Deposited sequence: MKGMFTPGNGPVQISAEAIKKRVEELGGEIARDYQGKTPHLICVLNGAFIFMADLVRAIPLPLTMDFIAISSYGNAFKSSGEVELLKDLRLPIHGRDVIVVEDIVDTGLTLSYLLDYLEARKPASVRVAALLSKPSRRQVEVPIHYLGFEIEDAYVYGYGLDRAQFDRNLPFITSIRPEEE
């Protein structure tokens, strides 16, 4: 029993991920100095990114967890009105899901909204959505690991890997 990488074109080590997440955390801490952000994790794929990210943000903050599908499974529990909100996503593909979520959150009138996403495949972008804190921009490929699944499996791989289009 060992963690094995797929043969896809995208591969990112736990160490590389670790270093990038720490930089993003430091960036957020700096940008939100003097404030109390409310980080909203988009389940299920972003829960590991969320876990590592928050531990790299030396600020007083709160968090929530929600589920959403393309075209809202889990609702918000804490108020976001007037809060400085930070959405934590796993990967931005077409951008549809994030687009719906941002409109949903904006309807409640938060003080501000910024987005943190571990990955982004801009060649697949169909709706322009903002990503203020991006881990890595990658080519078009189906990735998995580090929270992201492959038919519900492989969310436990400590690294990001992928399969071939075939």
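Participant: Where along the deposited sequence are residues missing from the model?
Facilitator: Seq positions lacking coordinates: 1-2, 74-84, 180-181.
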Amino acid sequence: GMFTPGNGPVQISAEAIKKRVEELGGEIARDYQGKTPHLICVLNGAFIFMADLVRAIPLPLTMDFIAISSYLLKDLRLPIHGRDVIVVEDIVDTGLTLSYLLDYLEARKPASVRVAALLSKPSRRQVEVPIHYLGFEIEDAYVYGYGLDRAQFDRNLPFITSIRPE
From here on, numbers count along this sequence of modelled residues.
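Participant: Tell me which of 96-104 and 44-52 has the higher mean C-alpha B-factor in the deposited entry.
Facilitator: So the stretch with the higher mean C-alpha B-factor is 96-104.
Participant: Comparing 119-127 with 62-70, where is the mean C-alpha B-factor higher?
Facilitator: Mean B over CA atoms: larger for 62-70.
Participant: Check where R150 lands among this chain's C-alpha B-factors and tell me if it's the lowest, middle or highest third.
Facilitator: Ranked within chain, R150 CA B lands in the highest tercile.
Participant: Place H38 in the lowest, middle or highest third of its chain's C-alpha B-factors, as listed in the PDB entry.
Facilitator: Its C-alpha B-factor belongs to the lowest third of this chain's values.
Participant: By the recorded C-alpha temperature factor, relative to the other modelled residues in its chain, which third is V113 in?
Facilitator: Bottom third by C-alpha B-factor.
Participant: Please rank the C-alpha B-factors of the chain's modelled residues and tell me whether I57 sits in the lowest, middle or highest third.
Facilitator: Middle third, going by the recorded CA B-factors of the chain.
Participant: Among the modelled residues of this chain, does the Cα B factor of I80 put it in the lowest, middle or highest third?
Facilitator: Middle third - that is where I80 ends up once the chain's C-alpha B-factors are sorted.
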